[PDB]
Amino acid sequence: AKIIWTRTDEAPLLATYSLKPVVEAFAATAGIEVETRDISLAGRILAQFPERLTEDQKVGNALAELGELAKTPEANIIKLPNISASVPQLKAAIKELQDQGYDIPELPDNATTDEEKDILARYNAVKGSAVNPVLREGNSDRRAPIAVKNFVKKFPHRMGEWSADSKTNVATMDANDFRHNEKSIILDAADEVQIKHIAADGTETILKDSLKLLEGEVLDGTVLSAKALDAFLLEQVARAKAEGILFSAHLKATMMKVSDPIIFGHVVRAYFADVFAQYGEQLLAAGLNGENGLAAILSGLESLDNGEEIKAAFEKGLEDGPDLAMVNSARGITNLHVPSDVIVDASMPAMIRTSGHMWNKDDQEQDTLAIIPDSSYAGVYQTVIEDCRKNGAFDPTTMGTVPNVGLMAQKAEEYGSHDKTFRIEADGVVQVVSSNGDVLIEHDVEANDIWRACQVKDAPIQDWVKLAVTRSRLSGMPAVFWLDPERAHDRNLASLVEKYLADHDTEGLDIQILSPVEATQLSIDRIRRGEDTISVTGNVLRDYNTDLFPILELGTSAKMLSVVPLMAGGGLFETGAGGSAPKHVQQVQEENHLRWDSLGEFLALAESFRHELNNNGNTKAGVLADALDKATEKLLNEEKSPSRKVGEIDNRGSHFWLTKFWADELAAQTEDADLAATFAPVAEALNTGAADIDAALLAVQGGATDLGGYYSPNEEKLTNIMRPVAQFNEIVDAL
């Protein structure tokens, strides 16, 4: 078997030149090959334009080959953070490669010829998030890492004290929202369907011409009522004001790129009711509607020149309304200024952790009314708030843990809905119409309503159920499916979960189905008494739970095990969800200190070894994984993760100590005597040499360093820089 280690960009790229040769040496003792594949920005650019290159310059299409790999049981891929290119990064990479002799074309800035149109289309496929959709052929298994959990117990993060008198609450709609208006069906056979609007006129408008659906696919349609939404919002503005608490609003403007900016605008106009009552027609005509935040409105006013008295009215709105949760007090930035500033899955746990407070204009903590307009998920957070009010803050030294198994494959549910979401222009109805003419789903709609459809396919659902059973069996933790009886979609999924659970041996396992509110309550009841509960959920709750529980248990959601069990039986082990840390590279250029933390790599690696153990029968991989868990725990115990500061332990040093501790554990274990004899002299060499090797890895730091490039660094220079101590290299390369 083979483990593919992704060669990416910037900081993780540099770490990989140090860490991968060690991983390769240790892995080979379990009969496992470790190879890199090049999915760097520069490499993916070269892959896209082979026709311009000499044979020696060519890269082969590594992303496409990894995509194919992922559809086979052979796949075992360790994926590190990589660049999702902005246009500037793309232009910089292109220029760098041209300077190095690769005759690739310029990014056209105004394609007119057919060749230019083709080149632009090819580059546009390379920019942005190009990699994740090719590699994620699966659902999600995310867990707080045990090595990090055990350290938190030793050294807990701060948890704000809660008051029984707290007035913080979530406010959410009671009716006429996506949850209550949702209708859902399961297709009997494949069908290409149409989405249509029929106005009170009779005038038909096709909203989406063709939508191919599979046999067994689950289809939902639903509407958020603009009128109910507006009525609701105006009431919450008044409530925050009467109760003397912060008005706050929590959406996902970035991911839900069609619905949530619209909803946001409704929020802004509610807060500034009097302003829109007097200048509404004019502002809306000029596109100053709040869907790009209050800051866009304010900026646009200078073009209007009755804008001065409008500016004055907004300023008056801010003095007269409830106090707003602040994004940046020093710049005067409120919750309403930029739609993407406050993002629900981050903001809600941060507020819960901070005694249920957000920050006011004086930069002091204050209770908040947290507005989450649609009611599908609001109750999870409300249930946690009420529990903290009654029982006080969670105690990270004793609390249990709540992993997540999440239905994600093929852009499941709301995260595939953006091309099926429509701002309604006129009163009437919207129909999903079958090819045969049948009307499958129908909703009444009014102008300014939001209509949305969502799809999840049957194989992803079956895979999701298998993964829930597998996680419960392997971990011993009970599993709870979070499905809301009041949602049509969740009622359909519940019937399928019941059907498919019968394909599995569940004897000895505790698996049940509860509403999201019931499930949250059970989970937190268990967590407080030190016990564990796996949350089995759809796509959005995946996104929410994988922030909420880690932030409470660990102080952060940035340090997680994230696995995507691939459809054909392989695995993808994602080391990290952040970017590739350009400032980290700057520091190495300036003073040869790499502060990049490889913890996520050590953790994903241990799970990669477990995949070989569990799916491919590799007993030695299991031994390697057990030792690696203990080595990681020791590295954290001695705080040997990289310092930020020059002259102190860096990324290369952390790799050394991790390798020393992992070898020690392999030499000390008695589960595989042959592995023990292999690593006894390795451990002895690293121990005797540790004082000298550690001093040397400190000594290389301090001065300017030449990588030979940035997007396309020189391989000889990177090797010498990232593997600078011959004494260590000799031990690794001999094993």
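All residue numbers are counted from 1 along the displayed sequence.
Trainee: Mean C-alpha B factor from the entry: is it higher for 98-106 or for 547-555?
Mentor: Comparing averages over the C-alpha atoms only gives 98-106.
Trainee: Averaging the C-alpha B factors as listed in the entry, name the stretch that ends up higher: 380-388 or 325-333.
Mentor: Mean B over CA atoms: larger for 325-333.
Trainee: Per the entry's Cα B factor values, which of 33, 694, 56, 38 stands out as the maximum?
Mentor: The listed residue with the largest C-alpha B-factor is 56.
Trainee: Taking the Cα B-factors listed in the entry, which of 601, 308, 664, 395 comes out highest?
Mentor: Result of the comparison over 601, 308, 664, 395: 308.
Trainee: By its CA B factor, does residue 174 count among the lowest, middle or highest third of the modelled residues in the chain?
Mentor: For residue 174, whose C-alpha B-factor we compare with every modelled residue in the chain, the answer is the highest third.
Trainee: Once the chain's modelled residues are ordered by C-alpha B factor and cut into thirds, is residue 710 in the lowest, middle or highest one?
Mentor: Middle third.
Trainee: For residue 47, return the chain-relative third of its C-alpha B-factor as stated in the PDB record: lowest, middle or highest.
Mentor: Middle third by C-alpha B-factor.
Trainee: For the chain shown, is the CA B-factor of residue 731 in the lowest, middle or highest third of its modelled residues?
Mentor: Within its chain, residue 731 is a middle-third residue by C-alpha B-factor, going by the deposited values.
Trainee: Can you tell me which third, lowest, middle or highest, the CA B-factor of residue 402 falls into for its chain?
Mentor: Its C-alpha B-factor belongs to the lowest third of this chain's values.
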